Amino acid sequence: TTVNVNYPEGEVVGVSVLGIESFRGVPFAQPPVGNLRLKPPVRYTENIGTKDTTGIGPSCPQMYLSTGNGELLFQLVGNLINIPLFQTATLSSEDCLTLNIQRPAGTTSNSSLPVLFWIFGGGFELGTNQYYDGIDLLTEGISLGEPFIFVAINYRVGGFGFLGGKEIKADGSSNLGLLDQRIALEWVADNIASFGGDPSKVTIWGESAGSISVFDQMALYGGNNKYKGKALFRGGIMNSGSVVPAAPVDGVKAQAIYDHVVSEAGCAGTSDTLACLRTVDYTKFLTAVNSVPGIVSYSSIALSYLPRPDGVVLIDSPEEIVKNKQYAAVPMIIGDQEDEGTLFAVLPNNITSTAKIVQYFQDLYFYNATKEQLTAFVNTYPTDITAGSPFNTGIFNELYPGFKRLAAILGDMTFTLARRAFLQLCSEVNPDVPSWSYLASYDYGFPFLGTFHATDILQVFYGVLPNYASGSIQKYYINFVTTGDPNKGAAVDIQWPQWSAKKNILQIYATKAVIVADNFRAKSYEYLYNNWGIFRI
């Protein structure tokens, strides 16, 4: 029970169980090590012959926790996991540019199935394809309706993926994680066909950083998603991310991280700082990049690492890119969990007032907004305990005072009201490029967090628990990849309306779904839309 495949780069061996044949950790690019560290990936020139992917793939270097920032226990854990035994135990190395392919069983060079290409989210600091297993997701596609190929990729995070500033910029070494994603895609154009894939029936799916990534791909190179004269993908599914306004890669925040990253790495004062870092051994290296503030901190979503406009790969701030019609527009489904904020609001329990909230954004989030506007945006948000997230929970779930408020805010600005804003602009500049959006509520009443960020990965992606939300979301996605419309393919219980028609979205409870106005929290949404620019993070 093993297989088999031969392709232009090489040939591969996979193991099939219960109707799915999976190849894990197939190489897609040169291992970005030695001098290739901190530089764009390169597709393999010379055929790599035969490798076993019977195994478990690697992960690129993780940043679960800061080695230099945060509370002391977290720093301690961050340093420890960084040691060689731990990385080895978990298979994490600079040698990460590999990918996973999972198929129905028996599929062949003529099978010509559509492609589902996943991008994991870890807030650009972590994540890997290791635990996203395609199986009953692919199983449902087979279980009825439409079979497909599943692709899960690995890409550089933290320092490896998204180091910033001056020096990186000159080298054209910006936004490597993005490039990794792009090169993976190109590999799909060339090689996926040997696997019985249909090229350019390719739909890209992402969550969190993955979702933000999907939009970034459409945006890449001023929106040209054309490889060898053919479109790289035909559709996009984004869960809980899309447009993110960021200051330029040349920017104060990015130059500073880079400056302390070096200082920690002892390449400082060297003539060529950048050149030097590729000098440094991996363990010392990981430790320096992870020195920065991390997601699991007070810093929260003011990420040390994210994509930043550089003007080639990422020519402009993403909101502007939409406005200027400089992205590849393709059919899309975009979603948010009802309570995206809550997880993010937990750590900064400092922030007990708008005046407090304001200073917080001003210290760390937006250097471009005056105290005047921010105070206005936040004020769009009530202090009322009832008004917060988890939404519709009354006086309950108030972890500390203002938590629900902050959660609503962090959740909105970044994701939920970020999404409609994308939708409105997308409707304006590319009307006639269809789109659908939804709200997840299947986890209502879960204490404190409600239907929180990344709840989907379980409920939808692994389909736990099995129920109305699972079958329904899946059917829609499965249909979408197969047909390019959520509603077409399989028979669907509720016809999911285009967002632009009546500005409606689907709201899915565990056992029910319904159609509602995507109009909530309008004044907050409105201030943001009118003012999206000052929120460049």
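In this text, residue numbers run from 1 along the sequence as written.
- Between 119-127 and 389-397, it is 119-127 that carries the larger average Cα temperature factor according to the deposited entry.
- For the pair 13-21 and 525-533, the record assigns the higher mean C-alpha temperature factor to 13-21.
- Highest CA B-factor among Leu417, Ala369, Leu72, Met218, as stated in the entry: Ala369.
- The maximum CA B-factor among the listed residues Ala501, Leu65, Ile48, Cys60, taken from the PDB record, is found at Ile48.
- When the modelled residues of the chain are ordered by their C-alpha B factor, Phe195 lands in the highest third.
- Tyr327 sits in the middle third of its chain by CA B factor, as recorded in the PDB entry.
- Per the deposited record, the Cα B-factor of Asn225 falls in the middle third when ranked against the other modelled residues of its chain.
- Per the deposited record, the Cα B-factor of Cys276 falls in the highest third when ranked against the other modelled residues of its chain.
- Ranked within its chain, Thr283 lands in the middle third, by CA B factor from the PDB record.
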